[PDB]
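Asks: My questions all concern the structure below.
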Amino acid sequence: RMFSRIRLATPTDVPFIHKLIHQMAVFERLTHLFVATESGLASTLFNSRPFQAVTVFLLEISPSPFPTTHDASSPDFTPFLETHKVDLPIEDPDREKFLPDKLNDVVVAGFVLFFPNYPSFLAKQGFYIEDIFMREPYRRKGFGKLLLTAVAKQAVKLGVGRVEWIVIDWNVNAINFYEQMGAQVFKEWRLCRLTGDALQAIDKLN
Amino acid sequence: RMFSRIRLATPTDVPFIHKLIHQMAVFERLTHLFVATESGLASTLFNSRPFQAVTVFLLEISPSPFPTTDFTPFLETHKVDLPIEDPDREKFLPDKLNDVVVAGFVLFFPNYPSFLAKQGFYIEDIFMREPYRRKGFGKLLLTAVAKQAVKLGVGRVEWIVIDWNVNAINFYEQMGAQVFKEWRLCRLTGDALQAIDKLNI
Ligand SMILES: CC(C)(COP(=O)(O)OP(=O)(O)OC[C@H]1O[C@@H](n2cnc3c(N)ncnc32)[C@H](O)[C@@H]1OP(=O)(O)O)[C@@H](O)C(=O)NCCC(=O)NCCS
Ligand SMILES: CC(C)(COP(=O)(O)OP(=O)(O)OC[C@H]1O[C@@H](n2cnc3c(N)ncnc32)[C@H](O)[C@@H]1OP(=O)(O)O)[C@@H](O)C(=O)NCCC(=O)NCCS
């Protein structure tokens, strides 16, 4: 029997966020683009109230109950706490890198990083999910479903009209998860990008 | 000679923004998804400072110079080859008695290229009305966004395109954008979100 908590990330979680994004870059065959540093994440992730700009939920797992929220401090968000019967003991070789406190038995298992977007045809704010990821030892136990559900629940609270993200078409396992969650994966849309260098080249135009 | 100005939108520009998004929906053959109202735009576009959240630049054209000018409007001038026939002109005048016409727009907001660990921008809409295309104005709109990006330390700008929109793809590539083959868009609709929210966690 296992316990999960979905909570907002704080500055103390930067090492875990950094490592999770790195794992994403490995999976997406894009380590050459991964230049993120802990210092860069610390400088950019926590300069607004949650949900108004870039926001992170972390999913934690423990064999012990978490402290109960009892009385909320937050106007917007209280952690989601759930109990689980999993059919298999978890072998997690990276556990030591994902402990918020090395003296407590709470492990960061996954995350979602998202921010407001704007579906213009609706004239409403939405959310965009930039990252959603469960570390390998914790997959196929319903945890990814909970991370996505947490975003949806916050979206409803805030009157969000749509959530979007992107996927590499060759990421079959992720696509299957998204489809089983009720997402549509479009055939026709393509991503366009101006890199930092491309931006500099335009800025030098007379 | 024609003169252009790229400026921030304000609440009085909502009619023009609404009509521009409608034209985008017609162009994209997605009018069935177009349910934006002027009311909705007014309530959602102007709740934060420019560049902190959803932001709109409008491109205006005039045969006369504009009054002398975080953000100052971008002003440009050149000699257009031949006169412009704009049948919708009367719907795009911020002042019905002055010769300044809204010709296009870009609607964008901060995003977060996580592999860079810094903010970027996403362009939700970039559009020139048909009478004003192929005259360099789209280039000016995208240039304005890129210049503001560099000023603010933005790491990357992204947007999406339909695969068979070869003319837009050509424009984007001419401006130095990469148009990727491998990425696909994923979506949960508002109704889907409501249903998912029935799970009491
Ligand atoms: C996409 C991702 C976030 C999903 O996270 P997850 O924790 O595995 O997701 P869940 O366990 O909630 O759902 C997985 C599936 O289990 C099933 N499932 C749902 N609830 C479940 C539960 N309580 N117990 C068991 N299975 C469950 C469903 O079939 C669900 O959909 P899918 O099989 O089509 O994917 C995760 O796989 C990931 O980070 N992937 C990126 C890396 C990757 O995909 N690598 C390639 C692997 S081959
Ligand atoms: C048209 C649009 C792509 C660009 O705006 P624009 O003002 O027309 O673009 P510019 O005049 O700045 O074009 C700059 C360069 O991009 C390329 N380009 C622009 N529009 C092009 C088109 N329709 N076909 C091919 N190349 C094009 C050219 O190289 C052009 O330079 P040139 O005119 O000296 O050859 C876009 O902003 C728009 O609103 N289009 C409507 C929706 C759409 O996707 N249309 C596609 C066909 S109109």
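Here, A, B, ... name the chains of the structure tokens in the order displayed, residue numbers run from 1 inside each chain, and ligands are numbered from 1 in the same displayed order.
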With a cut-off of 6 Å, could you pull out the residues of chain A touching ligand 1 and give me the nearest pair of atoms for each, distance in Å to one decimal, using only C-alpha atoms and all ligand atoms, ordered by chain and ascending number, as a Markdown table?

Replies:
| residue | atom | partner | partner_atom_place_in_ligand_line | distance |
| --- | --- | --- | --- | --- |
| A:132 | CA | ligand 1 | 3 (C) | 5.5 |
| A:133 | CA | ligand 1 | 39 (O) | 3.4 |
| A:134 | CA | ligand 1 | 39 (O) | 3.9 |
| A:139 | CA | ligand 1 | 8 (O) | 3.5 |
| A:140 | CA | ligand 1 | 11 (O) | 3.2 |
| A:141 | CA | ligand 1 | 24 (N) | 4.0 |
| A:142 | CA | ligand 1 | 12 (O) | 3.2 |
| A:143 | CA | ligand 1 | 7 (O) | 4.2 |
| A:144 | CA | ligand 1 | 7 (O) | 3.5 |
| A:145 | CA | ligand 1 | 12 (O) | 3.6 |
| A:173 | CA | ligand 1 | 44 (O) | 4.7 |
| A:174 | CA | ligand 1 | 1 (C) | 4.1 |
| A:176 | CA | ligand 1 | 34 (O) | 4.0 |
| A:177 | CA | ligand 1 | 35 (O) | 3.2 |
| A:180 | CA | ligand 1 | 34 (O) | 5.0 |

Asks: Could you write out that same residue set with N, CA, C and O atoms as an mmCIF file, in the first residue's frame?

Replies:
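Result went into again-v8.cif, see below:
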data_model
loop_
_atom_site.group_PDB
_atom_site.id
_atom_site.type_symbol
_atom_site.label_atom_id
_atom_site.label_comp_id
_atom_site.auth_asym_id
_atom_site.auth_seq_id
_atom_site.Cartn_x
_atom_site.Cartn_y
_atom_site.Cartn_z
ATOM 1 N N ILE A 132 4.872 16.833 -19.095
ATOM 2 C CA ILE A 132 4.172 15.911 -18.208
ATOM 3 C C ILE A 132 4.969 14.619 -18.276
ATOM 4 O O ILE A 132 5.222 14.079 -19.346
ATOM 5 N N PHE A 133 5.337 14.099 -17.098
ATOM 6 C CA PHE A 133 6.310 13.018 -17.051
ATOM 7 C C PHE A 133 6.239 12.258 -15.732
ATOM 8 O O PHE A 133 6.201 12.881 -14.690
ATOM 9 N N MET A 134 6.246 10.928 -15.843
ATOM 10 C CA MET A 134 6.382 10.041 -14.711
ATOM 11 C C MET A 134 7.711 9.316 -14.902
ATOM 12 O O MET A 134 7.987 8.774 -15.962
ATOM 13 N N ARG A 139 5.488 4.198 -13.510
ATOM 14 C CA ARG A 139 4.503 4.219 -14.585
ATOM 15 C C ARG A 139 3.499 3.065 -14.488
ATOM 16 O O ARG A 139 3.760 2.056 -13.827
ATOM 17 N N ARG A 140 2.352 3.229 -15.154
ATOM 18 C CA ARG A 140 1.333 2.198 -15.273
ATOM 19 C C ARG A 140 0.717 1.821 -13.928
ATOM 20 O O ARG A 140 0.316 0.671 -13.719
ATOM 21 N N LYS A 141 0.594 2.813 -13.056
ATOM 22 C CA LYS A 141 -0.048 2.616 -11.728
ATOM 23 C C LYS A 141 -1.133 3.683 -11.526
ATOM 24 O O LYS A 141 -1.655 3.781 -10.411
ATOM 25 N N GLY A 142 -1.454 4.477 -12.557
ATOM 26 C CA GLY A 142 -2.476 5.509 -12.465
ATOM 27 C C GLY A 142 -1.993 6.892 -12.021
ATOM 28 O O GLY A 142 -2.801 7.825 -11.888
ATOM 29 N N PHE A 143 -0.676 7.052 -11.834
ATOM 30 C CA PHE A 143 -0.155 8.328 -11.350
ATOM 31 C C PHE A 143 -0.162 9.429 -12.406
ATOM 32 O O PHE A 143 -0.480 10.580 -12.099
ATOM 33 N N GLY A 144 0.202 9.080 -13.644
ATOM 34 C CA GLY A 144 0.151 10.063 -14.714
ATOM 35 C C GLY A 144 -1.261 10.609 -14.891
ATOM 36 O O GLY A 144 -1.451 11.809 -15.071
ATOM 37 N N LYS A 145 -2.252 9.712 -14.833
ATOM 38 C CA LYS A 145 -3.648 10.113 -14.861
ATOM 39 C C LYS A 145 -3.941 11.172 -13.803
ATOM 40 O O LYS A 145 -4.615 12.157 -14.084
ATOM 41 N N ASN A 173 3.913 5.359 -26.717
ATOM 42 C CA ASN A 173 3.381 5.117 -25.384
ATOM 43 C C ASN A 173 2.694 6.356 -24.834
ATOM 44 O O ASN A 173 1.602 6.273 -24.263
ATOM 45 N N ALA A 174 3.328 7.522 -25.020
ATOM 46 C CA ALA A 174 2.721 8.759 -24.554
ATOM 47 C C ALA A 174 1.419 9.070 -25.291
ATOM 48 O O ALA A 174 0.437 9.469 -24.688
ATOM 49 N N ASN A 176 -0.612 6.929 -26.632
ATOM 50 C CA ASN A 176 -1.635 6.028 -26.124
ATOM 51 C C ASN A 176 -2.215 6.539 -24.798
ATOM 52 O O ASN A 176 -3.428 6.535 -24.590
ATOM 53 N N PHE A 177 -1.345 6.997 -23.900
ATOM 54 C CA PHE A 177 -1.820 7.577 -22.646
ATOM 55 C C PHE A 177 -2.721 8.789 -22.907
ATOM 56 O O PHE A 177 -3.807 8.927 -22.360
ATOM 57 N N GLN A 180 -6.081 7.723 -24.232
ATOM 58 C CA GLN A 180 -6.879 7.056 -23.210
ATOM 59 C C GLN A 180 -7.389 8.030 -22.159
ATOM 60 O O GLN A 180 -8.308 7.698 -21.431
#

Asks: Taking only C-alpha atoms into account, which residues of chain A are within 6 Å of chain B, as an mmCIF file with C-alpha atoms, in the first residue's frame?

Replies:
data_model
loop_
_atom_site.group_PDB
_atom_site.id
_atom_site.type_symbol
_atom_site.label_atom_id
_atom_site.label_comp_id
_atom_site.auth_asym_id
_atom_site.auth_seq_id
_atom_site.Cartn_x
_atom_site.Cartn_y
_atom_site.Cartn_z
ATOM 1 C CA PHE A 34 19.083 20.858 -22.999
ATOM 2 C CA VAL A 35 20.956 23.821 -21.515
ATOM 3 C CA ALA A 36 18.748 24.302 -18.450
ATOM 4 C CA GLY A 40 18.182 29.264 -14.444
ATOM 5 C CA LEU A 41 15.148 27.379 -13.132
ATOM 6 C CA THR A 44 12.550 31.943 -13.794
ATOM 7 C CA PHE A 80 -4.364 16.056 -3.517
ATOM 8 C CA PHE A 121 -11.104 31.112 -31.346
ATOM 9 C CA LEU A 122 -12.688 30.775 -27.891
ATOM 10 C CA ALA A 123 -11.610 34.196 -26.557
ATOM 11 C CA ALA A 152 -7.874 19.743 -15.481
ATOM 12 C CA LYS A 153 -9.365 20.350 -12.020
ATOM 13 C CA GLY A 161 -11.494 26.731 -21.920
ATOM 14 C CA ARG A 162 -8.946 24.274 -23.333
ATOM 15 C CA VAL A 163 -5.672 22.527 -22.507
ATOM 16 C CA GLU A 164 -3.053 21.849 -25.180
ATOM 17 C CA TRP A 165 0.405 20.319 -25.475
ATOM 18 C CA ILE A 166 2.556 18.673 -28.131
ATOM 19 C CA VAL A 167 4.032 15.223 -28.712
ATOM 20 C CA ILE A 168 6.589 13.660 -31.040
ATOM 21 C CA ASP A 169 4.579 11.429 -33.383
ATOM 22 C CA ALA A 183 -7.201 13.966 -25.665
ATOM 23 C CA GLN A 184 -7.251 14.384 -29.417
ATOM 24 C CA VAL A 185 -3.875 14.027 -31.157
ATOM 25 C CA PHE A 186 -4.077 15.993 -34.410
ATOM 26 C CA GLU A 188 -2.358 18.245 -39.425
ATOM 27 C CA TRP A 189 -0.663 20.757 -37.105
ATOM 28 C CA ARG A 190 3.096 21.340 -37.195
ATOM 29 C CA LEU A 191 5.342 23.186 -34.761
ATOM 30 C CA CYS A 192 7.214 26.319 -35.872
ATOM 31 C CA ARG A 193 10.161 27.822 -34.012
ATOM 32 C CA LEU A 194 12.461 30.825 -33.951
ATOM 33 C CA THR A 195 15.525 29.882 -31.923
ATOM 34 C CA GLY A 196 17.537 32.423 -29.929
ATOM 35 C CA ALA A 198 17.005 33.235 -35.310
ATOM 36 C CA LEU A 199 15.628 35.960 -33.031
ATOM 37 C CA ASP A 203 16.783 41.887 -34.350
#

Asks: Rounded to one decimal place, report the atom CA of residue 9 of chain A-atom CA of residue 100 of chain A distance in Å.

Replies: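 Computing it gives 10.8 Å between the two atoms.
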
Asks: Hey, what does DSSP flag as strand (DSSP E or B) within chain B? Can you give it to me as an NGL selection string?

Replies: :B and (2-8 or 55-62 or 74-78 or 101-111 or 120-128 or 157-162 or 178-179 or 183-189)

Asks: Save out the residues we just selected, C-alpha atoms, as a PDB file, in the first residue's frame.

Replies:
ATOM      1  CA  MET B   2       2.566  54.496 -47.311  1.00  0.00           C
ATOM      2  CA  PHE B   3       3.225  54.610 -43.586  1.00  0.00           C
ATOM      3  CA  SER B   4       2.817  51.830 -41.030  1.00  0.00           C
ATOM      4  CA  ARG B   5       2.644  51.685 -37.246  1.00  0.00           C
ATOM      5  CA  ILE B   6       2.826  48.607 -35.007  1.00  0.00           C
ATOM      6  CA  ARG B   7       1.321  49.375 -31.606  1.00  0.00           C
ATOM      7  CA  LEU B   8      -0.203  47.674 -28.610  1.00  0.00           C
ATOM      8  CA  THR B  55      -0.627  40.708 -25.702  1.00  0.00           C
ATOM      9  CA  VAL B  56      -1.702  42.061 -29.091  1.00  0.00           C
ATOM     10  CA  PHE B  57       0.164  44.163 -31.603  1.00  0.00           C
ATOM     11  CA  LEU B  58      -1.876  45.796 -34.360  1.00  0.00           C
ATOM     12  CA  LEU B  59      -0.411  46.878 -37.682  1.00  0.00           C
ATOM     13  CA  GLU B  60      -1.979  50.064 -39.013  1.00  0.00           C
ATOM     14  CA  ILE B  61      -1.479  51.643 -42.451  1.00  0.00           C
ATOM     15  CA  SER B  62      -1.954  55.259 -43.530  1.00  0.00           C
ATOM     16  CA  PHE B  74       7.357  50.746 -34.482  1.00  0.00           C
ATOM     17  CA  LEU B  75       7.092  53.161 -37.429  1.00  0.00           C
ATOM     18  CA  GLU B  76       8.006  52.390 -41.042  1.00  0.00           C
ATOM     19  CA  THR B  77       7.503  53.845 -44.530  1.00  0.00           C
ATOM     20  CA  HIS B  78       7.874  52.648 -48.129  1.00  0.00           C
ATOM     21  CA  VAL B 101      -6.636  51.300 -41.209  1.00  0.00           C
ATOM     22  CA  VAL B 102      -5.956  48.158 -39.187  1.00  0.00           C
ATOM     23  CA  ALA B 103      -4.320  45.770 -41.650  1.00  0.00           C
ATOM     24  CA  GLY B 104      -3.095  42.884 -39.477  1.00  0.00           C
ATOM     25  CA  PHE B 105      -2.208  41.698 -36.002  1.00  0.00           C
ATOM     26  CA  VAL B 106      -0.192  39.353 -33.829  1.00  0.00           C
ATOM     27  CA  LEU B 107      -1.557  37.881 -30.577  1.00  0.00           C
ATOM     28  CA  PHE B 108       1.010  36.225 -28.328  1.00  0.00           C
ATOM     29  CA  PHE B 109       1.864  35.432 -24.702  1.00  0.00           C
ATOM     30  CA  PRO B 110       4.727  34.113 -22.548  1.00  0.00           C
ATOM     31  CA  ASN B 111       5.535  30.428 -22.787  1.00  0.00           C
ATOM     32  CA  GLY B 120       9.731  32.541 -24.393  1.00  0.00           C
ATOM     33  CA  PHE B 121       6.782  33.694 -26.426  1.00  0.00           C
ATOM     34  CA  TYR B 122       4.090  31.684 -28.192  1.00  0.00           C
ATOM     35  CA  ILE B 123       2.369  33.314 -31.168  1.00  0.00           C
ATOM     36  CA  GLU B 124      -1.292  32.323 -31.151  1.00  0.00           C
ATOM     37  CA  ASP B 125      -2.268  34.457 -34.176  1.00  0.00           C
ATOM     38  CA  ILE B 126      -0.277  36.233 -36.855  1.00  0.00           C
ATOM     39  CA  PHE B 127      -2.342  37.544 -39.751  1.00  0.00           C
ATOM     40  CA  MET B 128      -2.445  40.132 -42.515  1.00  0.00           C
ATOM     41  CA  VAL B 157       9.336  31.914 -30.050  1.00  0.00           C
ATOM     42  CA  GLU B 158       6.989  29.148 -31.181  1.00  0.00           C
ATOM     43  CA  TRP B 159       3.682  28.749 -32.988  1.00  0.00           C
ATOM     44  CA  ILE B 160       1.845  26.172 -35.119  1.00  0.00           C
ATOM     45  CA  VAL B 161       0.791  25.854 -38.758  1.00  0.00           C
ATOM     46  CA  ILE B 162      -1.386  23.517 -40.848  1.00  0.00           C
ATOM     47  CA  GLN B 178      12.092  25.882 -38.537  1.00  0.00           C
ATOM     48  CA  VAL B 179       8.848  24.079 -39.412  1.00  0.00           C
ATOM     49  CA  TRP B 183       5.583  17.303 -33.562  1.00  0.00           C
ATOM     50  CA  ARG B 184       1.795  16.926 -33.241  1.00  0.00           C
ATOM     51  CA  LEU B 185      -0.746  18.992 -31.314  1.00  0.00           C
ATOM     52  CA  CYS B 186      -2.740  17.441 -28.457  1.00  0.00           C
ATOM     53  CA  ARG B 187      -5.944  18.885 -26.998  1.00  0.00           C
ATOM     54  CA  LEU B 188      -8.500  18.599 -24.210  1.00  0.00           C
ATOM     55  CA  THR B 189     -11.650  20.614 -24.870  1.00  0.00           C
TER      56      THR B 189
END

Asks: What do you get as a compact mmCIF listing (two decimals) with C-alpha atoms, in the first residue's frame if you pick all residues at most 6 Å from ligand 2, counting only C-alpha atoms and all ligand atoms?

Replies:
# COMPACT_ATOMS: atom_id res chain seq x y z
CA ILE B 126 -0.28 36.23 -36.86
CA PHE B 127 -2.34 37.54 -39.75
CA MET B 128 -2.45 40.13 -42.51
CA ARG B 133 -0.40 40.81 -48.19
CA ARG B 134 2.87 40.41 -50.11
CA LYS B 135 3.97 43.96 -49.27
CA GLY B 136 6.40 43.19 -46.43
CA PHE B 137 3.96 43.87 -43.56
CA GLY B 138 3.86 40.33 -42.18
CA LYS B 139 7.65 40.52 -41.98
CA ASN B 167 2.43 29.72 -48.40
CA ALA B 168 2.56 30.41 -44.68
CA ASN B 170 7.31 29.51 -46.96
CA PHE B 171 6.94 32.84 -45.17
CA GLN B 174 12.01 32.85 -45.11
